[PDB]
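Undergrad: Sharing an experimental structure here, sequence included.
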Amino acid sequence: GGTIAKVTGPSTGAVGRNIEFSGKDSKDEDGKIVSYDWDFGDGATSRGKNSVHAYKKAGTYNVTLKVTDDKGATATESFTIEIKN
């Protein structure tokens with residue numbers, strides 16, 4: 001009930017194009033979020049509230065964001081993106 005991850009991005013994209021994802025709307029109800037860990041669903045990862053990824057192959061990818069708060073609690077949320085050739 002405290003901390004929530006939120007993922008903002010496009011539901012579709014194209015192979016080879018840089019796609020911007022944001023965690024900006026993530027929240028700790030009683031403190032601050034200190035880190036943003038992304039997994040783009042193709043083995044790639046990144047850190048930072050606003051992160052970027054290009055997919056190398058068509059597919060449907062489940063992007064996850066794990067946020068950590070200033071109490072060390074974590075929360076994860078998912079976002080599905082369909083990448084066409």
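TA: That came in fine, so what should we check first? Residues are numbered from 1 along each chain as shown.
Undergrad: how about the strands in the chain?
TA: 12-14, 18-22, 33-39, 45-47, 50-54, 59-69, 74-84 (DSSP state E).
Undergrad: For the third one, name the packing helices and strands.
TA: Here strand 33-39 touches strand 45-47, strand 50-54, strand 59-69, going by 3 or more CB pairs under 8 Å, 6 or more residues apart in numbering; DSSP states H and E. Placement of C-beta: from N, CA and C, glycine included.
Undergrad: of those strands, which approaches residue 31 most closely?
TA: Residue 31 lies closest to strand 59-69 among the helices and strands packed on strand 33-39, at 5.4 Å (CB to CB).
Undergrad: Tell me the strands beside the closest one, with direction?
TA: Under the criterion DSSP bridges, strand 59-69 sits next to strand 33-39 (antiparallel), strand 74-84 (antiparallel) in its sheet.
Undergrad: Could you identify which of these is most buried?
TA: strand 33-39 (a mean of 18; mean count of other CB atoms under 10 Å).
Undergrad: contact partners of that one?
TA: Around strand 33-39, the neighbours that count as contacts under CB atoms under 8 Å, 6 or more residues apart in numbering are 3, 21, 23, 26-27, 45-49, 51, 53, 63-70.
Undergrad: Next up, the contacts around the residue positioned nearest the centre of the chain.
TA: Central residue of the chain (CA atoms, centre = their mean): residue 65, 3.8 Å from the mean position. Neighbouring residues of residue 65 by CB under 8 Å, 6+ apart: 5-7, 21, 23, 26, 36-38, 76-77, 79.
Undergrad: Ok, residue 81 next?
TA: 9-13, 19, 41, 60-61, 63.
Undergrad: and which of these is nearest to residue 85?
TA: Checking the contacts of residue 81 against residue 85 with CB to CB, the nearest one is residue 13 at 11.0 Å.
Undergrad: thinking again about what came up before, quick one, which of the contacts of residue 81 are buried?
TA: Buried residues within these, counting neighbours by 16 or more other CB atoms under 10 Å: 9, 13, 19, 41, 61, 63.
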